[PDB]
A.B. asks: 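Got a structure for you, questions after.
Remember, it's 1-based here, ligands and their atoms both numbered in the order they're listed. Below, all heavy atoms of this structure are taken into account, side chains as well, without hydrogens, waters or symmetry copies. Lettering of chains follows the sequences in order, A, B, ..., and the numbering in each one begins at 1.
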Amino acid sequence: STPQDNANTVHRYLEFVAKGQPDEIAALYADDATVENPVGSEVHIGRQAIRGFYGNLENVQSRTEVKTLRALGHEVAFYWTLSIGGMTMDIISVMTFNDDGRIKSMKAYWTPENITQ
Amino acid sequence: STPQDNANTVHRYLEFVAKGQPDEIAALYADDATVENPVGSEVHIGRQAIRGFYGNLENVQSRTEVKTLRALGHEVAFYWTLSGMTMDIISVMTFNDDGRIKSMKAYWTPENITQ
Ligand SMILES: O=[N+]([O-])c1ccc(O)cc1[N+](=O)[O-]
Ligand SMILES: O=[N+]([O-])c1ccc(O)cc1[N+](=O)[O-]
């Protein structure tokens, strides 16, 4: 996939997050993808584990905003906000992508000190 | 190493960059570290190659400023500016058990350069 494709995929990830659609999120990930959210916690491996992880977003209506996004090589680094309610999280994320454009890995860098309001 | 010590290493690195100290930069990296700057370009592998990469900073004076830094596990993600021009960069470093930098990746393009 191209960097443009991967940027597009990030935008659809953020769409499905904002809509509370874990099935649509999980479908963006590769069968053997990894999710580390937050970085430092035990990695979730494979689509089944990833779908379970995202299950709590079911039927949650949130908003997202991309502050900056850099799609380079097979990777996308993006700095973005997630607003639920409420509370606004300030997140640095990195995703990497397989040859078929599905997400191979995601890492999210934030703590409660990046949550406001 | 602890996240607090890795955060410290990032601060040391950014000052060695600001001051133009490539040998001191190289010393912060592990002997088999990797540098990918920018992401998408050929990786620089091993401290000797990394020292050569940074060689253009020798005695070059710049300014660096951290916007936000998150030290988590054995990683640090940081959003920062390098300054004429100013570059806003997203960087990720990972660290070995002994606190040396195992890997660095820098995410920026000329679109992130403003007057
Ligand atoms: O912690 N979080 O809420 C979070 C952080 C980064 C993400 O890519 C997604 C989520 N989420 O599950 O909504
Ligand atoms: O733009 N650059 O060359 C750059 C980007 C990220 C860095 O951590 C350091 C440098 N530098 O040594 O100047």
A.B. asks: Could you check whether any side-chain N or O of A:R102 sits under 3.5 Å from a backbone N or O of A:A27, counting only pairs where one atom can act as donor and the other as acceptor?
C.D. replies: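 Side chain of A:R102 to backbone of A:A27: no pair is present.
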
A.B. asks: Are any side-chain N or O atoms of A:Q4 and backbone N or O atoms of A:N8, one a donor and one an acceptor, separated by less than 3.5 Å?
C.D. replies: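 Answer holds: no.
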
A.B. asks: Do A:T34 and A:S105 have side-chain atoms, one donor and one acceptor, less than 3.5 Å apart?
C.D. replies: no

A.B. asks: So B:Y107 and B:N112, do their side chains get closer than 4.5 Å, heavy atoms only?
C.D. replies: no

A.B. asks: Applying the side chain to side chain contact (heavy atoms under 4.5 Å, CB included) criterion to B:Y29, which one of B:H44, B:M93, B:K102 satisfies it?
C.D. replies: B:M93

A.B. asks: Between ligand 1 and the protein, which N/O pairs fall short of 3.5 Å?
C.D. replies:
residue  : atom  : partner : partner atom : Å
ligand 1 : 8 (O) : A:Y13   : OH           : 2.5

A.B. asks: Identify, by atom number and element, the atoms of ligand 2 in contact range of B:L82, meaning under 4.0 Å from any of its heavy atoms.
C.D. replies: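 Close to B:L82: 13 (O).
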
A.B. asks: Hey, any chance B:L72 and B:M104 share a hydrophobic cluster, counting ILVMFWY side chains that come within less than 4.5 Å of each other, even indirectly?
C.D. replies: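 The answer is no; the residues belong to distinct hydrophobic clusters.
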
